Amino acid sequence: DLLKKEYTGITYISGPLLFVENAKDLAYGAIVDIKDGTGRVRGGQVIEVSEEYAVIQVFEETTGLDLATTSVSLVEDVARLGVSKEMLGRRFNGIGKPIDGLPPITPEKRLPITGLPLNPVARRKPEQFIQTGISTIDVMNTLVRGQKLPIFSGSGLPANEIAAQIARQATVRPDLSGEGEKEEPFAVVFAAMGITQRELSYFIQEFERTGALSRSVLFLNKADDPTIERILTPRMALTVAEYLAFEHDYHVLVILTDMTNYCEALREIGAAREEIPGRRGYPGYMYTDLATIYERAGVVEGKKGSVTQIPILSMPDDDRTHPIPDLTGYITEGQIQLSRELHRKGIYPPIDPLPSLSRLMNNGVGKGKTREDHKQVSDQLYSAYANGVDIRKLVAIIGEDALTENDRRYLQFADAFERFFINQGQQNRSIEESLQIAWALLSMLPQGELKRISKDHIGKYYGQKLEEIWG
Amino acid sequence: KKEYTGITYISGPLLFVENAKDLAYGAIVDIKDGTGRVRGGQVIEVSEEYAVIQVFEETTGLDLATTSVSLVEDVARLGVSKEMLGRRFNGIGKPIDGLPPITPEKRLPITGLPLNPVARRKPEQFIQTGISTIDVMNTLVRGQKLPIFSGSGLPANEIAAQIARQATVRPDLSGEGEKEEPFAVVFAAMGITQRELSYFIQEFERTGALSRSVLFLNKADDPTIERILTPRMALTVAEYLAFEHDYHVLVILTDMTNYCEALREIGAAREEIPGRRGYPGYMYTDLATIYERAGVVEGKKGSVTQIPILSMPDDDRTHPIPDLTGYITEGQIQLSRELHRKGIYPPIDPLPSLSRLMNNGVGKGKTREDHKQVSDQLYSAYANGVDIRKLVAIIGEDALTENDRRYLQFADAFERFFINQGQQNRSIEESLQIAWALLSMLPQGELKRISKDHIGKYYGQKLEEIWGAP
Amino acid sequence: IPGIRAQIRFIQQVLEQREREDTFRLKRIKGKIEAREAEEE
Amino acid sequence: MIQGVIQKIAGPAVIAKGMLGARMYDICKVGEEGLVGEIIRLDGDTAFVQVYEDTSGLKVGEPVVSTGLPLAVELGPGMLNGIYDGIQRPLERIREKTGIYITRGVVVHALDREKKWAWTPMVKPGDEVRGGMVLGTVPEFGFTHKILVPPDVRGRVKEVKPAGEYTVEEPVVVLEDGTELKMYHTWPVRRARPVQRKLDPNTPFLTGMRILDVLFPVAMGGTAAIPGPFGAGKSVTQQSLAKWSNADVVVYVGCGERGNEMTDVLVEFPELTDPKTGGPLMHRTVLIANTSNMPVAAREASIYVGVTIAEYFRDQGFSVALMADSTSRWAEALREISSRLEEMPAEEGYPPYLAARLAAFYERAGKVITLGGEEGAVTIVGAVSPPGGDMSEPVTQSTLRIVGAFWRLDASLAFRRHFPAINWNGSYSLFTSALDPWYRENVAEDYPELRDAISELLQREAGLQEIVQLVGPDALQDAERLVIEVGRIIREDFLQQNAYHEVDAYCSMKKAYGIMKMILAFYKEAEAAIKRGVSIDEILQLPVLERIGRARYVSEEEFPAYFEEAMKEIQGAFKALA
Amino acid sequence: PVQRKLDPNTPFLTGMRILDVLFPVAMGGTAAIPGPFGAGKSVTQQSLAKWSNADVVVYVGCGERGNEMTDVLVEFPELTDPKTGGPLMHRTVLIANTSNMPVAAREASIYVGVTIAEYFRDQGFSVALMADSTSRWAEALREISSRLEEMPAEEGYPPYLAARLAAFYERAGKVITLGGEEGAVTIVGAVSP
Amino acid sequence: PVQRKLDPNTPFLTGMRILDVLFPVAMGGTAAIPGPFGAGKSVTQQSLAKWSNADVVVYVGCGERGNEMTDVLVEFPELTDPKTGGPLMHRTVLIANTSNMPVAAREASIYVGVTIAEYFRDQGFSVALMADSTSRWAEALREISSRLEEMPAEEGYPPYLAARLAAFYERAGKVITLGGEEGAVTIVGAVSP
Ligand SMILES: Nc1ncnc2c1ncn2[C@@H]1O[C@H](COP(=O)(O)OP(=O)(O)OP(O)(O)=S)[C@@H](O)[C@H]1O
Ligand SMILES: Nc1ncnc2c1ncn2[C@@H]1O[C@H](COP(=O)(O)OP(=O)(O)OP(O)(O)=S)[C@@H](O)[C@H]1O
Ligand SMILES: Nc1ncnc2c1ncn2[C@@H]1O[C@H](COP(=O)(O)OP(=O)(O)O)[C@@H](O)[C@H]1O
Ligand SMILES: [Mg+2]
Ligand SMILES: [Mg+2]
């Protein structure tokens with residue numbers, strides 16, 4: 002256990018891979034230490050082992066390695082991370098080593114970083130509504146506790162600002178749910194993969210201003226850090242998140258800052274191994290690999306805690322059909338998609354609701370949870386906005402003056418929707434504020450055209466004007 | 005019988021047997037295992053070291069210790085006879101109708117020899133399919149390859165069955181009166197489901213059309229090598245009947261898209277690098293070796309006529325399968341989804357359809373003196389009716405000229421009565437009468453493609469064949 | 169119409185390029201199958 | 001037994017050496033933990049094993065033992081209420097044995113060996129029995145579970161246990177020559193269970209959705225596919241079918257999908273009621289759960305286990321619905337295994353035999369005369385998840401060629417929140433003609449004509465949309481604009497169906513017939529009024545349009561009165577308003 | 194080999210006013226013709242074979258349909274030669290390949306035909322060479338390239354398709370033969386996109 | 194190495210109205226200017242070199258025309274440094290690897306330029322680094338990868354292309370140097386899609 006064994010006789014070094022022979026007693030998936038002639042020790046993992054030779058992916062760069070002096074020594078048979086409640090105020094790199102200057106964590110447990118799949122029988126149904134303060138999320142794409150709700154972004158779009166705002170404003174509403182009790186705030190696990198200095202500084206400063214660093218675990222892999230550490234980074238972050246949530250009753254919010262970089266590292270490793278790729282050269286096991294990360298969120302029966310994931314990915318050319326967003330949407334419960342057209346209009350947050358989706362929205366809204374009209378109001382808003390968009394496309398042909406008055410009303414509803422319901426800035430809107438804004442918007446349309454709303458809700462809420470809400 | 009023990013490799017559909025230098029390439033072998041079960045297989049590669057055998061069925065249960073391989077025949081051969089009429093086969097010539105195996109008059113290699121181009125002759129006589137949109141406008145000529153271009157949900161199987169049980173020759177129109185000229189239908193089904201299999205069996209048995217038909221029915225879960233061999237068996241039987249017993253043979257091949265997919269999969273299994281669009285680079289040649297076996301031969305009274313049926317994958321005619329089929333065959337009959345969803349059967353659209361050999365098999369002494377001109381006038385008038393139907397939606401009914409309204413009425417009645425045949429069996433005279441009744445809706449002298457003689461002889465009748473007097 | 173035609177030809181070129189890349193990868197893996205079978209025997 | 005050692009480990013793939021005599025597709029125990037794997041290649045003295053569990057931590061040299069048998073499922077009483085993994089392991093027992101996480105190497109019987117069953121024999125000594133014959137009956141949840149002879153067992157009954165309580169391991173019937181028949185038997189999941197003959201698809205499979213049960217029906221023994229991009233509503237449609245179908249038994253296979261959906265089924269279903277039995281809905285449902293983060297090699301096993309269980313329940317005379325929640329995940333698993341095998345792909349990475357495997361899976365459906373003489377059916381509805389929504393993908397194209405119904409979803413309607421979001425233009429069904437006699441006998445004699453008229457209206461609307469997108473809807477004449485308006489009325493209050501509304505979630509055939517009759521009566525009257533000079537904008541203001549729109553929210557019990565009132569209102573409104 | 198290639202300064206007279214006047218081809222030039230279905234391509238080809246000032250006509254059927262090849266093989270032996278009254282086939286060489294004949298023959302058909310044309314040119318004759326479909330020949334070339342596992346260039350065609358077409362068409366020309374006598378080969382190649 | 198990375202709070206004044214007004218870049222920031230040929234990437238780079246407020250300008254001619262490097266070498270000595278008033282060339286360091294120079298040296302030239310810029314940053318200067326085209330560096334990486342028989346990721350580029358680009362662009366930024374002074378590197382990298 003604690004005696005050292007070293008394998009010399011490296012036979013091949015190229016890119017991220019390393020071949021060592023006569024290593025038949027290295028376990029598959031084992032973590033190894035690569036020592037060079039200068040005494041520096043690198044990290045590595047066994048990705049294929051046979052009685053001839055073992056294949057090791059090197060986490061750091063391979064500069065300075067040589068077949069005559071390099072030595073590979075086993076660290077542990079299974080990649081494990083030492084976890085404790087002590088690391089709630091700590092910062093770590095992509096491989097879990099401290100970078101904040103404090104001494105290393107004294108672990109209570111050492112857990113496998115790949116985790117284990119949750120038994121579907123042991124899961125709960127995620128039902129507790131989370132108020133993010135953003136109307137296009139609260140009303141139309143409701144986020145519930147224990148959901149995987151990624152943000153589909155672009156190169157210039159402000160997904161980081163939206164994630165920071167959600168982390169700042171997210172709260173449950175026990176008074177609406179009938180629990181009526183004080184609630185502890187979210188613990189935040191922030192996994193950054195290939196993050197630039199600008200985004201990192203923004204996130205650090207936001208968490209400092211909001212005072213959430215003292216309850217936030219940070220795994221930071223910089224853009225100039227080695228890219229193979231990005232494979233370990235989200236698994237370690239989610240190991241910490243699962244430990245906290247399901248063994249200390251923490252409600253954990255997990256932010257994975259860029260899954261596109263994770264998929265880039267995965268593609269690099271797969272191509273080095275000549276894996277049979279899927280579309281656009283990404284490995285065929287990318288769906289399973291992303292699933293082993295996303296499916297670690299949720300709520301478990303008999304447990305107080307929860308894990309909520311908000312991954313962030315940038316669709317390369319705003320292409321929703323790209324393999325990364327496609328597989329992510331196939332795995333997660335819906336997505337929040339940003340619109341470049343809304344961003345260019347100056348609307349923040351630039352969330353367009355039509356391509357967005359929340360699959361667990363039905364679980365958390367309705368009577369006794371938020372309000373009786375939530376679902377029908379959301380459906381009516383979607384229908385009216387789609388009508389407005391179609392009428393915009395029609396205007397692009399026949400011109401505005403050739404419209405009827407009802408199409409004109411839908412066009413006015415569409416642009417008022419964009420400029421008032423979506424465009425909200427940094428203000429924190431309660432669900433009641435968002436609902437009254439939505440009803441004021443719906444009051445622009447004829448009463449009989451709210452076909453998706455029951456007459457009771459229409460009688461109770463229809464009539465208010467936007468200028469009555471704010472001067 | 006020599007048994008080749010020494011299996012050294014099993015993976016997917018392939019197995020390697022050593023010391024098999026005596027196995028000829030392409031031979032069919034029997035694979036026996038510890039349980040005594042026998043599977044079929046084909047030698048796809050033979051060398052000094054080992055022979056590569058592609059197993060027909062799944063390789064489950066095989067092991068390198070107890071598996072044995074033995075030869076059954078060095079060349080894929082089919083035993084053909086005239087008693088094949090009224091029988092059903094599973095795509096490799098094994099009966100599946102419960103009747104005893106036929107006594108083979110002779111055994112023929114299913115990889116048929118190519119017809120000598122100087123031995124062929126021009127197709128000159130037609131086949132009466134009983135369908136007006138084919139008989140009148142896209143006439144099928146004895147010796148033609150006239151594919152049907154179908155879609156995902158279109159009733160191509162129903163049309164295939166109807167043609168199979170309605171197609172006949174008309175020697176009385178040529179003046180021969182020779183009913184002694186036999187007619188047979190060879191029906192090859194590839195990659196069909198149990199539903200389609202039951203439908204085809206019921207259709208062939210209920211009308212008695214089975215007695216002049218040979219069925220090679222390959223199911224969707226049958227081995228893909230059987231799918232590849234099925235059209236070879238069907239065309240071997242067709243060639244035998246036509247050029248050794250003077251039969252007039254109609255061969256219906258459904259579905260060629262399934263055959264192309266099976267060819268793609270088998271090429272991938274043999275580690276061949278695919279060509280254009282992911283299909284094998286030799287798909288053109290394979291489809292040619294299938295299609296070009298139809299024809300009429302100088303000095304022989306028989307004929308082979310082919311009606312391939314293929315579903316365009318995304319209703320795309322640029323797809324490799326319909327594209328190469330158009331390269332090889334003489335025209336196409338295109339089914340229409342908009343006609344189908346309007347309730348018209350058969351949903352054959354005359355405008356994109358085309359029979360390239362039609363003008364050789366119609367006219368005086370073959371069908372009737374007015375056939376070609378009637379077809380041309382019908383085509384032009386229907387095109388005018390369709391575009392006026394599009395225009396009337398914006399400009400309104402009354403804004404059109406009177407003859408434009410007449411074209412509207414003609415197009416509506418054409419779709420109602422000519423195309424919408426139903427399960428009727430219409431002789432070419434009935435179809436021509438219906439066409440003339442429809443053309444009588446247009447004013448005399450508007451029929452510009454038709455000579456004045458035919459107009460005087462046939463113009464004037466009104467629509468009574470279908471409504472008022474069926 | 170010209171814009172749609174240009175878009176069609178652009179999409180066709182992209183699809184053909186992806187097919188060419190797939191064929192190149194298939195050639196590489198077939199060569200590696202043959203080589204790794206040949207030397208190992 | 002064949003014993004060897006591990007030679008190479010690479011992900012889910014383990015190569016063993018010393019496995020001479022091992023057979024293809026036999027189950028092996030890999031490592032000292034005895035992980036379940038399957039042999040997919042034999043090469044010299046080696047065997048290629050795809051492990052159905054996680055291989056992390058395995059070392060070269062660990063033993064590999066072949067069991068000499070392919071993957072098999074235990075078929076007997078005890079499956080009608082449980083949830084299983086890919087290789088038929090009960091997840092309740094696994095949870096009780098391991099906790100909130102699924103650990104590899106857990107061995108547990110598929111059927112509870114201690115549960116007692118009320119046995120009632122149907123045979124006497126001296127009787128000769130063939131495969132598939134009913135030895136006796138056992139009650140499970142109001143179902144009369146029939147104990148069947150294994151399909152390839154023949155003999156004469158020598159001794160039969162009298163009526164009483166026994167476990168599934170008890171040999172209730174002992175044949176001559178000493179062969180013992182228990183309450184359960186094992187069957188290889190890759191072998192189709194034999195039948196006497198396949199029957200024609202006479203009766204329909206009532207899904208409870210108006211668009212699927214009217215425009216694109218599937219027969220009781222047919223096959224359907226529902227492909228669409230993510231968010232289109234594949235799983236909601238699958239769960240609606242599982243809740244509202246007229247099938248006796250529902251087998252739901254979550255092949256490579258979200259675990260939260262399996263949890264949703266596990267929580268909601270016990271509270272819902274079976275429409276025909278009256279008991280809890282979960283009592284007629286069998287779940288085979290293989291979530292996306294569970295081992296990849298087990299997805300194929302999951303599909304085969306589900307279809308084999310469906311076949312077994314069919315052999316008892318039941319009408320079984322099999323919902324495979326994704327076959328694209330099975331295809332991706334095959335591609336991953338092929339990549340580990342270093343085999344040349346066919347198209348987009350998938351192995352050449354993918355189409356053959358899909359065809360074999362889909363051909364197991366059908367209405368059949370079982371070996372016991374009784375009549376049962378299996379209906380397979382398979383979801384497809386094309387990458388990027390590209391319907392030209394090989395899995396979707398391979399599925400097009402073997403299914404009788406095709407329910408195509410489009411993201412355009414899902415974005416609009418128009419549900420079920422079936423693309424009418426891209427969908428079809430090959431069962432419309434064969435089901436017409438049943439519709440005439442059971443719904444209305446004029447139902448096929450009414451459905452054809454609705455389809456023709458939708459076709460006309462589709463044709464006119466080409467001009468609407470060109471010059472706008474106001475450039476049309478009154479008749480064509482009326483067709484457009486009637487088309488959108490159809491789409492909004494006949495094709496839409498709220499799967500969460502307490503009334504709209506289900507719709508009987510007669511309610512859909514009434515809605516169609518109302519819509520077409522309105523259309524005929526509106527066209528007649530158009531011909532007499534009434535404006536279309538005047539027609540669109542009739543409150544009877546509001547009645548038509550609200551028709552779908554009317555309960556089944558009170559619908560006939562609403563329908564008669566609305567027909568009277570249609571006639572009166574278009575008599576008074578000319 | 195030839196002694197010298199001459200200038201395209203004398204005309205190849207097809208006997209058709211539109212081609213001879215508006216779109217002429219020099220003696221030894223090359224022309225391409227698309228083949229729409231009903232556009233009467235066969236009649237034009239027969240007119241070139243029958244009325245042009247070429248002494249010998251070489252007709253190459255590369256990959257034609259069975260019935261389309263049968264049309265030619267049946268109807269050329271009926272054409273009478275205006276210059277002699279006798280059959281036109283008495284100064285015609287026919288190369289006929291159908292789609293089901295081996296791909297190597299279909300690929301070598303144009304080379305065989307043009308080599309025969311060059312041989313008759315070396316005797317001082319003027320030869321008109323007609324390639325009935327170079328698209329079918331290109332399909333055969335693509336199939337052979339695929340069988341050799343070569344890289345597909347554009348639309349699956351081998352990257353040397355243009356080189357092969359140029360090598361085929363450059364064989365045409367009016368030359369001084371090695372015997373010191375003037376001869377020419379004029380190529381009219383049909384394309385079917 | 195540096196002591197600390199600072200937030201960029203001062204603008205990189207390029208002298209071009211559209212860039213300095215509508216799309217400003219900060220002193221430690223990074224900017225990409227992709228465009229087709231003839232769009233004016235190099236003109237913008239040279240305008241930045243002539244007119245920007247950087248203490249030192251490092252211009253990297255990665256795989257582009259030699260005439261542009263000659264133009265810089267000839268014109269810059271005559272121009273005036275906008276900050277100090279001396280000759281503009283004393284402010285400038287040129288790393289030139291023209292298109293017909295060895296391809297493998299493009300990758301080396303990029304790193305040499307960025308390292309020299311970082312060295313001048315360490316002395317307390319603000320440095321503008323102009324990369325004439327990173328697409329040529331990517332093409333050099335593709336060629337070397339093809340020689341290595343590595344499996345290409347997308348359009349033939351190696352899968353680690355994004356990693357190299359990220360590591361190159363991450364070297365820019367406003368920092369407190371190890372000596373305690375404040376320096377910055379601004380990178381403007383042209384792309385040639
Ligand atoms: N110059 C012409 N003079 C008279 N009739 C012509 C002429 N060109 C074509 N035709 C007519 O066209 C028919 C014969 O040529 P076509 O069949 O049209 O040739 P083709 O079908 O285009 O040949 P392909 O494309 O290789 S199948 C006969 O009806 C001729 O009368
Ligand atoms: N700002 C400008 N003011 C004046 N002329 C300009 C300007 N930008 C570009 N041009 C002109 O356009 C030409 C193109 O120059 P560049 O923009 O440097 O070309 P490029 O972007 O480097 O693309 P290439 O040719 O592939 S290097 C210049 O030579 C000038 O003639
Ligand atoms: N028939 C329906 N009725 C109401 N809402 C639906 C319906 N189908 C889908 N939805 C909504 O759309 C979301 C996406 O559907 P879902 O089935 O989860 O996606 P997928 O197509 O991948 O299975 C659901 O979570 C639900 O909110
Ligand atoms: Mg789903
Ligand atoms: Mg430049």
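Protein chains in written order, with UniProt numbering: chain E, 2 to 472; chain A, 5 to 474; chain Y, 169 to 209; chain G, 1 to 578; chain X, 194 to 386; chain V, 194 to 386.
All residues carry an ideal CB built from backbone N, CA and C; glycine is no exception.
6 Å Cβ shell around residue i - same chain, five flanking residues per side excluded
i: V79 of chain A; result: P113
i: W330 of chain V; result: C255, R299, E300, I303
i: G271 of chain A; result: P284
Heavy atom of ligand 5 within 7 Å of residue i beta-carbon
i: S235 of chain V; result: yes
Collapsed DSSP secondary structure at residue i in the structure displayed
i: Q46 of chain A; result: strand
i: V107 of chain G; result: coil
i: residue 1 of chain E; result: No answer is possible for residue 1 of chain E: the residues shown for chain E start at 2 and end at 472.
i: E77 of chain E; result: strand
Proximity test, residue i beta-carbon vs ligand 2 heavy atom, cut-off 7 Å
i: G228 of chain V; result: yes
Next item on the list: Give the residues from the stretch 155-168 of chain A that approach chain G closer than 7 Å (Cβ to any Cβ), ordered along the chain.
Entry: Close to chain G, meaning a Cβ-Cβ distance shorter than 7 Å, are the following residues of the stretch 155-168 of chain A: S156, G157.
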